[PDB]
Structure formats: structure tokens, C-alpha cells
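Remarks on the structure that follows.
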Amino acid sequence: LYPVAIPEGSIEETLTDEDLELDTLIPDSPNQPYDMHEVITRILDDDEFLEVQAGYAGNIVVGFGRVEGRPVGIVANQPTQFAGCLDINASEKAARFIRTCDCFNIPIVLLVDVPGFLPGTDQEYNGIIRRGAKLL
Amino acid sequence: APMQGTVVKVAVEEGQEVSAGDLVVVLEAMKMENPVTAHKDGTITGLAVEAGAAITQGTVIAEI
Amino acid sequence: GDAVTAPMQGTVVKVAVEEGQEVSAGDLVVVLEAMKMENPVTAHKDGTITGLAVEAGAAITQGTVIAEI
Amino acid sequence: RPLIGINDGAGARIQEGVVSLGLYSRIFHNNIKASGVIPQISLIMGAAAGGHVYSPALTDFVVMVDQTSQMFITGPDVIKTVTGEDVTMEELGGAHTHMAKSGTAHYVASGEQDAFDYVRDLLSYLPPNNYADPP
Amino acid sequence: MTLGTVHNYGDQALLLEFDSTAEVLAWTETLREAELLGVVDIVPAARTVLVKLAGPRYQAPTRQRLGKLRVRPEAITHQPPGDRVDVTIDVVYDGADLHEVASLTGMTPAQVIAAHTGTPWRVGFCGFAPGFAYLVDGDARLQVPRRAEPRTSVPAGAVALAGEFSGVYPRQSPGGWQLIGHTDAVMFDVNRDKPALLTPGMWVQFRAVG
Amino acid sequence: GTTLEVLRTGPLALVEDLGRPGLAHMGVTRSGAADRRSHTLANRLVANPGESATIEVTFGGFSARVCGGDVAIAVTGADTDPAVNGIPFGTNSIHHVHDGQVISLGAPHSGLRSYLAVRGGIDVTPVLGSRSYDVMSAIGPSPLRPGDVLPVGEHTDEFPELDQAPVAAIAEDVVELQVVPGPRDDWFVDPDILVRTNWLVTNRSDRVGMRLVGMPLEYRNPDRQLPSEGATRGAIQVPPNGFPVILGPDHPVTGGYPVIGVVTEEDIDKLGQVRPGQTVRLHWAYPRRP
Ligand SMILES: CCC(=O)SCCNC(=O)CCNC(=O)[C@H](O)C(C)(C)COP(=O)(O)OP(=O)(O)OC[C@H]1O[C@@H](n2cnc3c(N)ncnc32)[C@H](O)[C@@H]1OP(=O)(O)O
Ligand SMILES: *C(=O)CCCC[C@@H]1SC[C@@H]2NC(=O)N[C@@H]21
């Protein structure tokens, strides 16, 4: 843990303008995507975020950050790829990251924006059932 | 500039007033001459491109 | 600027033009081999080749000036 | 003691809504708790669709019946709408597809009695739990 | 003979190689009668036939079926089967170069136009433009080589020949042939029930107007 | 019935469908949508049969006004932030537009072509049995102009049951393609330069073909002429200057230059989205051997 001084007062009394930038983030249409890093970097300390496997299975974002000095692992659906669907590669990417955090007692924070699993015969024949069950 | 292309024409003078729907520039791209049309009345300020120059998509032709 | 510059550290496997040749924007100037891949360098403006300072088989640093205009 | 599920399927009961998803989550959480503790076996004997498929995947052995059982997360018509490929339920998710291609099935029985015979054979080798010795 | 060399042309098409246009056209008619399930198009050309398929799934089955087909020997010909002329084309021979390059091969301009008028032309393969057609199997002394240069602005209705080919340009276009005359026949029109006046496998003959 | 009024065309807007196949005996090339998978996806989303026509909008910028009734629309392909009355709605998603509302497409963040489909299809008059436009012959419905009125056809009884399709994001720069080798790969002194070169897409690329620059390919016999032969979308010609050209949907029915390879049907539709200035890499789809 890094030393961080917790400000006093309620959650509603302690909203910053950077927090208030979240209230307008989500597009009005349920189908218009947005970059989930706009949430991750605003809920993490200093906006600091160490992304893991950034180039692989870009429909899920995983990585480390801090919240009031505590390390945390972030696992977040990314609407900008496959509309945020889960697939084989994202399921394996997130499953091993979560199990690595769990080995070392790092809390996990999930940011969920998932319309379902990615439809397709390629996913069926490659084993989306068997390899999606990994993230469960 | 809506696309990468060559500025085959620049149609206005520096500082020139312009009316919405006039032409600023013409770009050769897609084996086609593409006109750039002014979207509002204004004054063509700092016309940053030269005829026959190649340019890349999204570059500012002028402020308006 | 008028300098055509090498985008990468590599070896000039083919010079496509000579000085005083007319060129148009997007014409090929040189090809650089690096990492077992071959990469074009192309003229940024209409003009004519001057200041030509590289030759086939020369290994050049990133940012080397190839030619001008 | 071993747990045998004979899964048949058709997914969540759409009229009941999100409660069916919470009950799926609970069933999966229990399959994970039980994983490596008691032998879990899933017999697939119909169209296991949607949520019905992850529970077998979390069990230890999946036995399918050749021409008459299927598993898929999302159906051929949504697959057609998104991907444009026409496929049948049998081609998409039949026991042959989950044996030869997906690798999810452990046996393909010639019929329901053969599937029961194979499940009894499996149980004849497996102990009742990880604290017991094999028979 | 029984089949040419065959190449994959991508995964969705097959290319058959042949020694002469009589092969390509007789094989074209053979493949038309074969009705090969999963073919979507057949393109005859100067030395080849390209077969286009509904998808990669059909390529290997089609390549396997091709070995089963055999062309009828009597269908390979260099002259019309009833000696017929199916289409007659009025032409005025105000050609731009029938004298300058071509007639120097030997035949005077009058002899050139008389041979061209008097000899049946086959409608061969089709390409370059809609309703343009490569006429073939005309009189062998007319076979001047291609100009070794491009042309441009070649008039609509302009009548030309080069190599073993003759033809009529349907519209102002960058042709590449010697020009023997002109015709006012509408070679292509999408609004005509037969948009292309000339289609492969017909036989055409020019008729002189001047 | 419902119609659209074209308020803005963008740089180009064309009516497109699956094209006019089989007319090679007339010399008519198939044309059709440049990205058939995107076109057909937009039709499937609006529950059209895939031969129903859509508007291929290039570099976005298209805008139109729905008049005379409500209509379901979908936009697929290049992400232009399509919007109704300025409120964005998802690319690759359906939206229901009320009478009098305005549909607009921005500039594409990546890719090149967006397909607007309407329930019942764009019911302009077919030419040679297709509503596609061929940029080389100009056969087909005229490229759209401001103030054009586009009829909306009568829809089938099927209804849109899916709100959106997930689609892989179109690559921003380097596009990697699988090429079937030959048939004329033996014409060249070293044809594996094709796969060893980072090709650059020139500003000359259009629906007839994409023109690359890179390492020149060397002819084994540079005076050798080719007997003209049939061509297809995605065939990689090598004109004698040695710079490859990848044929587009409006390619001429026969070509005069050796085809060194053809892009696999798996990948041809990715060519439909590559803009000028992108990099291209090629790999042999299976081992090239003479
Ligand atoms: C998270 C889980 C999900 O999202 S599941 C969402 C999709 N649910 C499905 O319908 C499963 C996939 N569908 C299919 O491929 C087939 O319809 C299935 C259900 C697998 C087999 O159905 P089939 O043997 O053809 O029978 P049928 O279509 O004639 O229906 C018979 C009766 O069953 C009912 N039924 C079926 N599925 C559901 C369901 N998920 N929720 C509620 N009811 C369901 C039908 O309504 C029908 O009832 P009835 O006999 O018509 O009164
Ligand atoms: C634009 O430069 C691409 C041109 C592709 C079509 C032209 S037609 C005439 C040439 N012959 C051929 O096969 N392709 C070329």
C-alpha cells in the first residue's frame, strides 16, 4: 500500500469535477459505444493504470491500478471492440488475470457492459462453451 | 480535408470572406476531384495548403 | 521541409530515381530493407530530385537525408 | 456423494426474467464449489441452450447422445443474422461437433441406455469424493 | 485435350489454359452444357476459360468434375457451321490507319476492306467494355500486330482490328487497335432487349457502305 | 410510401446490391457492394433479403430526411457515428426513424465505406436486373445527388429480432491479407517479394482497383506480352512497371496483366475498407511452389 489520506465527509459531499464527468459519459443510445478507459482512469488513483495484454482480445481490458493506495485488478468490458461481447480470447485473458490477482490477494473490480457472447460457428467449433466456462 | 489527396485547386484568397456552400479547395483522390465546400459564412483565415501539395485526412484547411 | 528522410534504420536495397528526374507526390524514391522486410520511401511533394546522397547497398541511420525537393 | 445432472435444456424461462439468471449464477457457483470435491457428471439428452451449457462445462464428465442432443450458447438464427452462415442445430452443436471439433464431450453414446451404461462405468472407477479411495 | 492445365484463381474460381481460341470456345460450350452445380459465371478469353463459383466450398468438387467432361470433336471449328452470318454490320471505311501501318503488309486499302468485308468474322470472347466483342477467325492476312502504344478518344462506333482480332468500340474509350472504319450501329445499350448487339459464339460479317 | 430525400451526398454515395453476375458474355462486370459482408449484414439487420439494395457511402458525410412514414434503418461498415436528428446511434445496430427525422453520417474513424440499409430496401429502378452502379461503365442508378428522392420498397413479413451485431473493428493502418499464389507467379524473377514487402496504398485506389507501391516486382522476360484473360475481384495484377494492383468490384471482365495472386474470399472484403495511405502486408494462403 501507498500512503493516501482519505478525505472526510460523505460520498456525495466528496464528488470532484472529475467524478462529475462520469454523469455525462454514457451515450443516450444503448448501442453507441464508448471507451471504457474513460471509467477506469477516473476511478483509479492518479489515473494511473498498468494495462496487461493491451494488444490481445481488446474487447476486454484488464490491468492493475490503485484505489486509495490499495492495489486493485480491473477487469472491464470494452464496448469499442465486438460491442463488448465476450469471446474465447477475452474469456481466457480475463480468467488468467483474475486467477493471478486471486493468488496474490489483489481485490478485483469489474466494470460490466456486456451484451452477451460473440455469436458464430467459429466460436462454437473452437470451444466457447469449454473456454468461456474458464471465466466462470 | 475529408480524405487524403492532392490539392488540385485552392479557390479562395487569404482572409477572404466566404458564404456557406462556396468552394475552398479541390482534392484529387479516389481517382476523382472532390470539392471542399464552406459550411458557414465567415472569413477564410490562415489558408494552410498550397496547390499541388499532398495532404492527409483530417488536416485543417482553414478555420472558419 | 524539402528533405526526403529515411523513416527507419535500414539498407537501401533499391534507388528508384536519379537527380534531375521529375517526381510527383507519392512517387517512389527508395526502398529500405530492415528486419527482413522491405519498405518504400516516397516523394512528399512534386519537384525534381536534388541533393541525392544515398546509393544501393548503403546502410543508413534513421532520419538520414535521402534527397531534397 | 457424486452428482449426476441429466440436462435437457431450452435455457432461461424468458417470462420469469432476471431471477432465472440469478438461479443460473447460483447453480454455477455450486458447480465450482463442488469442482474437485465430488465427481460431477452431465448427461446431455436434448437441446441444452444458453445457460444450460455452462453447468455441463463445469462438471467433470459430459456424455452426449449422438443424433438427439445438442449444446450451443446462441441459436442458429442469431448466428445467421450476425454471421450470415446458415447452420442447423445438429451441425452447430450436435454430439459429433462437440466431440470431434469443440472437444467438450467425453462420450458419444449410441442411445440413452448406452449413455447410462457409460455413466455407470465411469462411476465404477470414481470414488464418492476426494477424501475417499477409488473402488 | 481432355482438360487443360487448371489453376486455382483464388479459392473461388478456376482457370483453364488452352492453346487456341477454338479450344476455348468449344470448351465454353461444353461447360455451358455441363451446367456444373455451383458455377456462377464462365468467362472465355484469348487463351483461357475462367470459371467463377458460388464459393470456396465448390472449388475442389468442381476441379474433380472437370476431369469427367469431354468436348465433342466436331465442335472445334474455324469456320461457321452453316457458313451463316448472324449479324451484318454496315461500315464506312474512313479508317485512320488502314493505309499507313497495315496496307504496307501487302494488301492495298481496297484489298484490305474487300477481304474484311468478304470474310466471315467470329464473335469471340468479350471484355474491355460492355458490348465490345473480340471478333476472331477472320482473314489471316489482316493480322497486323498491336500498335505497341495506347490510344485515346477512340470514337463510339469506331471499327478496328489488331492481332488476330477485329472489333467495334461501343463508346469513346482508350482502345489499342488500328482503325479501319466506322459504324453507326449501337453496339451497346442497356435499354435494348439484347443490350450487346454481339455476343460470344455468334458469327458476324461486315458489309461495306464506303 | 416512404422515401428518403438526399440532403447531402458526402464525397460519394452509390446504390449497391450483390450486383449483376453472369453477364460476362455481355462484358458487364458484376460490380455490387465493395464490402459484401457489410452490405449483407446491414440487410440482415433490417431483415431484408440480401439482394435488397443499400446506399454505399464513401468517407461518410451522407445525410437524408425520412419522409412519408416510419422506417427501420441500419448502418454498417465504417464507423461514422450515424445519428438521427444529431443523436448518435450505434453502427451495426438497427434504429427506427420516424417520419420527418434526419439521418446523418459523420466522417469514418477508420475504414472507408458505410452501408445504409432500410427495411424494404432502396427501391430505385434496376438496370440489367441489379440496382448496383458500376463506376467504370456507369451502368446502374446514377451516383446520388442532393435532392434525390429514394423510394423505400415494400418489406417482407419477417421482422428485425436483433438490436445489434458485434463486428471486429476495422484496422487503422496495417492490413494483413491471405493471398492464393499464382496462376502467373512464375512470370517473376522473385515473386516472394510480394509477401516480403510492406506495400503502401496510393491515392489512385478506387472501386476499379487499388494501386500499391513498394519493392518493384521484376519480370523474368520484360518484353513478354500476355494474352488477355478473365479477372475477378481481389486479383493482384502486376503491370510491367512492377507495382501491384488489386482489382476491386468494378474491375474489367478481362485483364491484360499477369495475376501474381488472388486474395482469399476470407479476406477480399477487407480490401473494401482500406483507405489510401494505409500499409498492406500479404502472406501466401498456402505454400507457393512451382
Ligand atoms: C440465458 C438463456 C437464454 O438467453 S435462452 C434464449 C433463447 N431460448 C430458447 O428458446 C432456447 C433456444 N431455442 C431453440 O433453439 C428451440 O426453440 C428450443 C427451445 C431449444 C427447443 O424448442 P422446440 O423443441 O423447437 O419447441 P418449440 O419451439 O415448439 O417450443 C415448445 C414450448 O417450449 C416453450 N419454450 C421453449 N423455450 C422456452 C424458453 N426459453 N422460455 C420459455 N418458454 C420456452 C415454448 O414457448 C413452447 O411452449 P408452447 O408449447 O408453445 O406453449
Ligand atoms: C486504375 O488505375 C485501375 C485500372 C484497372 C482497370 C484497367 S482497364 C485497362 C487495364 N487492363 C486491366 O486488366 N486493368 C486495367
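Numbering starts fresh at 1 for the residues of each chain in the C-alpha cells, the chains themselves are lettered A, B, ... in the order given, and ligands are numbered from 1 as they appear.
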
Next on the checklist: If the cut-off is 7 Å, can you tell me the residues of chain F near chain E, counting only C-alpha atoms? I'd like them as a list in words.
Outcome noted: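 Interface list for chain F against chain E: residues 22, 24, 25, 26, 27, 28, 128, 180, 183, 227, 228, 229, 230, 252, 253, 254, 262, 263, 264 and 265 of chain F.
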
Checklist entry - Can you tell me which residues sit at most 6 Å away from ligand 1, counting only C-alpha atoms and all ligand atoms, written as JSON, numbers by chain? => result {"D": [10, 11, 12, 13, 14, 47, 49, 50, 51, 75]}

Output file for the selection above: C-alpha atoms, as a PDB file, in the first residue's frame:
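After the write, again.pdb holds the following:
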```
ATOM      1  CA  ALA D  10     -34.057 -24.654 -23.632  1.00  0.00           C
ATOM      2  CA  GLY D  11     -32.297 -22.063 -21.460  1.00  0.00           C
ATOM      3  CA  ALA D  12     -33.827 -19.468 -19.158  1.00  0.00           C
ATOM      4  CA  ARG D  13     -37.618 -19.249 -18.847  1.00  0.00           C
ATOM      5  CA  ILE D  14     -37.947 -15.876 -20.535  1.00  0.00           C
ATOM      6  CA  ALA D  47     -31.078 -29.093 -26.841  1.00  0.00           C
ATOM      7  CA  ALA D  49     -29.304 -23.948 -24.982  1.00  0.00           C
ATOM      8  CA  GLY D  50     -27.869 -20.841 -23.379  1.00  0.00           C
ATOM      9  CA  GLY D  51     -27.262 -21.015 -19.648  1.00  0.00           C
ATOM     10  CA  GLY D  75     -29.035 -20.324 -31.723  1.00  0.00           C
TER      11      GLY D  75
END
```

Determine, for each residue of chain F having at least one atom at most 10 Å from an atom of ligand 2, the closest pair of atoms and their separation in Å to one decimal, counting only C-alpha atoms and all ligand atoms; order by chain and ascending number, as a tab-separated table.
```
residue	atom	partner	partner_atom_place_in_ligand_line	distance
F:136	CA	ligand 2	6 (C)	8.5
F:204	CA	ligand 2	2 (O)	6.5
F:205	CA	ligand 2	1 (C)	6.9
F:206	CA	ligand 2	1 (C)	7.3
F:207	CA	ligand 2	3 (C)	8.4
F:208	CA	ligand 2	3 (C)	5.4
F:209	CA	ligand 2	3 (C)	4.7
F:210	CA	ligand 2	3 (C)	6.7
F:211	CA	ligand 2	2 (O)	6.8
F:228	CA	ligand 2	13 (O)	7.7
F:229	CA	ligand 2	13 (O)	8.3
F:230	CA	ligand 2	13 (O)	8.6
F:231	CA	ligand 2	13 (O)	7.3
F:232	CA	ligand 2	13 (O)	10.0
F:235	CA	ligand 2	13 (O)	10.0
F:237	CA	ligand 2	13 (O)	7.6
F:238	CA	ligand 2	14 (N)	9.6
F:239	CA	ligand 2	14 (N)	8.4
F:245	CA	ligand 2	3 (C)	7.1
F:246	CA	ligand 2	3 (C)	8.4
F:247	CA	ligand 2	5 (C)	6.6
F:248	CA	ligand 2	5 (C)	8.3
F:250	CA	ligand 2	6 (C)	8.5
F:251	CA	ligand 2	6 (C)	5.7
F:252	CA	ligand 2	6 (C)	5.8
F:253	CA	ligand 2	13 (O)	7.9
F:254	CA	ligand 2	13 (O)	5.8
F:255	CA	ligand 2	13 (O)	2.8
F:256	CA	ligand 2	13 (O)	4.4
F:257	CA	ligand 2	13 (O)	5.9
F:258	CA	ligand 2	13 (O)	8.8
F:259	CA	ligand 2	13 (O)	9.4
```

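Taking atom CA of residue 125 of chain A and atom CA of residue 88 of chain D as endpoints, the distance between them is 13.3 Å.
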
Checklist entry - In segment 124-190 of chain E, what's strand (DSSP E or B) per DSSP? Answer as a list in words? => result residues 124, 125, 126, 133, 134, 135, 136, 154, 158, 159, 160, 161, 162, 165, 166, 167, 168, 173, 178, 179, 180, 181, 182 and 188 of chain E

Next on the checklist: When you look at residue 40 of chain D with a cut-off of 8 Å (counting only C-alpha atoms), what residues show up, excluding the ones that are within fewer than 2 positions of it in the same chain? I need them as a list in words.
Outcome noted: residues 2, 3, 4, 5, 34, 35, 38, 42, 59, 60 and 61 of chain D

Would you mind exporting the chosen residues as an mmCIF file, in the first residue's frame, restricted to N, CA and C atoms?
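Contents of result02.cif, freshly written:
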```cif
data_model
loop_
_atom_site.group_PDB
_atom_site.id
_atom_site.type_symbol
_atom_site.label_atom_id
_atom_site.label_comp_id
_atom_site.auth_asym_id
_atom_site.auth_seq_id
_atom_site.Cartn_x
_atom_site.Cartn_y
_atom_site.Cartn_z
ATOM 1 N N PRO D 2 -21.352 -38.359 -5.431
ATOM 2 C CA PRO D 2 -21.386 -37.907 -6.827
ATOM 3 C C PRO D 2 -22.695 -37.214 -7.179
ATOM 4 N N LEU D 3 -22.604 -36.251 -8.097
ATOM 5 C CA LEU D 3 -23.771 -35.551 -8.623
ATOM 6 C C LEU D 3 -23.922 -35.835 -10.110
ATOM 7 N N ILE D 4 -25.073 -36.384 -10.498
ATOM 8 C CA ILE D 4 -25.417 -36.591 -11.900
ATOM 9 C C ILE D 4 -26.518 -35.606 -12.278
ATOM 10 N N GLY D 5 -26.254 -34.788 -13.292
ATOM 11 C CA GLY D 5 -27.270 -33.977 -13.942
ATOM 12 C C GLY D 5 -27.606 -34.554 -15.307
ATOM 13 N N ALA D 34 -18.229 -27.444 -5.845
ATOM 14 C CA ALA D 34 -18.098 -28.893 -5.924
ATOM 15 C C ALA D 34 -16.927 -29.346 -6.784
ATOM 16 N N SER D 35 -16.387 -28.483 -7.634
ATOM 17 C CA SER D 35 -15.342 -28.906 -8.558
ATOM 18 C C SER D 35 -14.099 -29.374 -7.811
ATOM 19 N N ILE D 38 -16.454 -33.537 -5.341
ATOM 20 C CA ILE D 38 -17.253 -34.714 -5.672
ATOM 21 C C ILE D 38 -17.218 -34.922 -7.183
ATOM 22 N N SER D 42 -22.465 -34.883 -16.285
ATOM 23 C CA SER D 42 -23.572 -34.297 -17.029
ATOM 24 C C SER D 42 -23.901 -35.186 -18.217
ATOM 25 N N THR D 59 -18.926 -29.305 -14.945
ATOM 26 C CA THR D 59 -18.830 -30.662 -14.423
ATOM 27 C C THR D 59 -17.609 -31.388 -14.987
ATOM 28 N N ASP D 60 -17.305 -32.540 -14.380
ATOM 29 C CA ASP D 60 -16.093 -33.278 -14.719
ATOM 30 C C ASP D 60 -16.242 -34.111 -15.985
ATOM 31 N N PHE D 61 -17.396 -34.737 -16.215
ATOM 32 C CA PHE D 61 -17.570 -35.541 -17.426
ATOM 33 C C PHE D 61 -18.885 -35.195 -18.098
#
```
